[PDB]
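Next up: just one chain, as structure tokens, the form deposited in one PDB entry.
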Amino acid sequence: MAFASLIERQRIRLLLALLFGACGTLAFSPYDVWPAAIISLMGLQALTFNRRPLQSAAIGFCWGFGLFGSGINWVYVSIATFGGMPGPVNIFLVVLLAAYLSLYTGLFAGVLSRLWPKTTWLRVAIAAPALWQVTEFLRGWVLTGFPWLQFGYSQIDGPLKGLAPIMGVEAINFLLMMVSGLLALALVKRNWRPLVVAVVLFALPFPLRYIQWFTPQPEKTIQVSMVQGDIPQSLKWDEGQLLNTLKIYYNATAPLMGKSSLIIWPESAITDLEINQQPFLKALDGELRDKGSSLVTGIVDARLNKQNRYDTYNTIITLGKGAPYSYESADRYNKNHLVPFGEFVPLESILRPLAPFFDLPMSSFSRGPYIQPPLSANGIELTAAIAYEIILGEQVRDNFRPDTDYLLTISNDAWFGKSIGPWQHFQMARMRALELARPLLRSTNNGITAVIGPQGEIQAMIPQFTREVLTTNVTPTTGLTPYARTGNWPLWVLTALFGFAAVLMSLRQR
């Protein structure tokens, strides 16, 4: 007994917040338990009740530390495997990353308690979702952002699936936070009205999820094929292995050359500069056009700037019928949002010589234009997003065009190894496909290579960590979703209104 005495202790709540914070990771990874997200948000909402601003900030920081150290720890695997640093240094780096990610949850909890101290429906339903949206935007914007582990992505297959195509995964985050706050308030106050309101709010989008915003045109059906080279990441960036990788990809492509129409290779499938492999690319494009196919592969390009400086762009070249290959062609995609510490190392003067982990091969990339024309191959338009860029919903939507028939994503998940990072990335890609209502053609070296339907459901998939070829027929779709039409503008208007109302009520509370 005496639960009230123990629960009203800051030290105990810190330990209890760690468990509830880590409980949220059961919704993104292959665990895929969407009630866990609601439970974790309920814990975060409840454990900050009746606390001073500093204690609430500590509770939020511990919750974020659990969440981002129990499901972002797969970064440590990549760091240790492909970087020469001691184990204490690696664990310090992953702990520091978790703490940095948890700062924006501690800030959320602190501001929420500072402005709305008393546990009320207002705080748990209006102020909390708006402030949570603001802090998530800050986390995804500052220092190029790391918008990972957003609970809306857990609703890719759930009751709130249909909310994504209308307003987005960020609005799904908003609704999840609101419902979970109402549930936490009902649990804390032992009341039934917040529970009923939360049930109504959560069950409202279930009929909404049946709306079909896309027309599955079958007249433009193709036979896309994707190749998993299963190239070892350690040997990926070498000299002798380049010929072996090219031979493997060519031999995998040759049977498909003639039967398939949209052969795709993973990110950085060709591990050499585009200019160096010019005759090979020319011959490959010629023989692909002879048999009537296309090859949207990935390569590394080093263009010359106006200042005679070589800028390295992570690129997606296009070859075959419907898109003749040329070094000056505009039918290419340059990666815009580079991955921190892996593609653009900040402070190269000190960080790069500090350890071999910072001085990874093929680094110091150059960002491409934010908005780029869609890739054309065999008469169809593909929206490209290299690896990490897929999770950026706003950038993907901005690059999206009404003429887009497929969403293209190529990644190299061999860094993460056997962990949950590739699965979380795949889930975020599925959420993007659901939001834009376009079929997704995701190709990976070792990670999850699959074709995602317009509703986010997996149409085809191949086992992870193998050298397989995913050959299937995918039908394009036409039509603009409300999310594609608008963006985050409706969500930002809604959260601005809610925040303004909450601030006015807090000031008027006096």
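We call the rigid core whatever largest set of C-alpha positions still superposes within 1.5 Å between the two forms. Residue indices: 1-based, along the sequence shown.
There is another form of this protein, the form deposited in another entry, and it is not shown here; the text below is about that form.
Q: To test your reading of the superposition: with the rigid core aligned, which of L347, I211, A330, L96 moves its Cα by 2 angstroms or more between the shown form and the other one?
A: Comparing the C-alpha positions, the one residue that moves 2 Å or more is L347.
Q: With both forms fitted on the core, give yes or no for whether the Cα of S363 moves by 2 angstroms or more between the shown form and the other one.
A: Yes; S363 is a residue whose C-alpha shifts (by 2 Å or more) between the shown form and the other one when the cores are overlaid.
Q: With a C-alpha distance change of 3 Å or more, do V95 and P361 lie closer or farther in the other entry?
A: Pair moves closer in the other entry.
Q: With a change of at least 3 Å, which way does the C-alpha separation between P346 and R139 go in the other entry: closer or farther?
A: Closer in the other entry, by 3 Å or more.
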